[PDB]
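> Sharing a structure here in structure tokens format.
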Amino acid sequence: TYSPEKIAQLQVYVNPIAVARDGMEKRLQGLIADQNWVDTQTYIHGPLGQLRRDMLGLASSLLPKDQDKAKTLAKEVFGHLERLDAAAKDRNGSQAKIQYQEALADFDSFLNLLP
């Protein structure tokens, strides 16, 4: 089980990951709608640039029975964000919208598994 002290440790990683989730829907969604590909790329590298470190550090801190699912879901989020960055470099708004939605779906799955 997750003790209170353990949960507090997990929260150090949760804090920036939750803000990242909020920022994807509040800010990145509108940059993509705006066909603003320069700032879409910067959003991924600045405001979301620590997501790989934080979500992997979180998943690696979980009880053994949950580490695998959490790592798998994190890697899905990273692959769709990678494809969203590629889409923006290519000015491909069709893929930028798809990859945004796909990244969010797996990001929500990752959050939902947390204790």
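Derivation of every value follows stated rules applied to the coordinates shown; laboratory data play no part. Backbone-built Cβ (ideal geometry, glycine too); neighbour counts: all protein chains shown.
> Once the Cα atoms of helix 93-112 and of the chain are each reduced to a long axis, what angle between those two axes, in degrees from 0 to 90 to the nearest 10, is obtained?
It is inclined by approximately 10 degrees.
> Using modelled amide H (1.01 Å from N, peptide plane; none on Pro or chain starts), what sits under 5 Å from the amide H of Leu113, excluding residues fewer than 5 places away?
none
> What length, rounded to one decimal in nm, is gained on full extension from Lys89 through to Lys26, with 0.36 nm per residue of separation minus their alpha-carbon distance?
On the way: separation 63, 0.36 × 63 = 22.68 nm, distance 2.14 nm.
Net length gain for the segment: 20.5 nm.
> Of the listed pairs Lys6/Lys65; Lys6/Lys75; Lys26/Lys69; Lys6/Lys69, which have alpha-carbon separations greater than 21 Å here?
Details: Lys6/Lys65 15 Å; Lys6/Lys75 24 Å; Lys26/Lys69 27 Å; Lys6/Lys69 19 Å.
In this structure, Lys6/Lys75; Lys26/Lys69 exceed 21 Å between Cα atoms.
> Another question, then. If you filter region 20-115 for trypsin sites (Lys or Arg not before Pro), then keep DSSP loop positions with at most 13 other Cβ within 10 Å, what is left? Spell out each step's value before the answer.
Values: sites: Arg21, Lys26, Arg27, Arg52, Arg53, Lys65, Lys69, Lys71, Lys75, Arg83, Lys89, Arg91, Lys97; in loops: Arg91.
Loop-located and lightly packed - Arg91.
> Run the dipole for the chain about the Cα centre, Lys and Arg Cβ at +1, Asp and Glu Cβ at -1, nothing else charged, and hand back the magnitude in debye, nearest 20.
Values: 14 positive and 15 negative charges, 30 e Å.
Magnitude of the dipole: close to 140 debye.
> A further question on this structure: Any chance you could get the radius of gyration and Dmax over the Cα atoms of the chain, in Å?
Expressed in Å, the Cα Rg and Dmax of the chain come to 14.6, 47.
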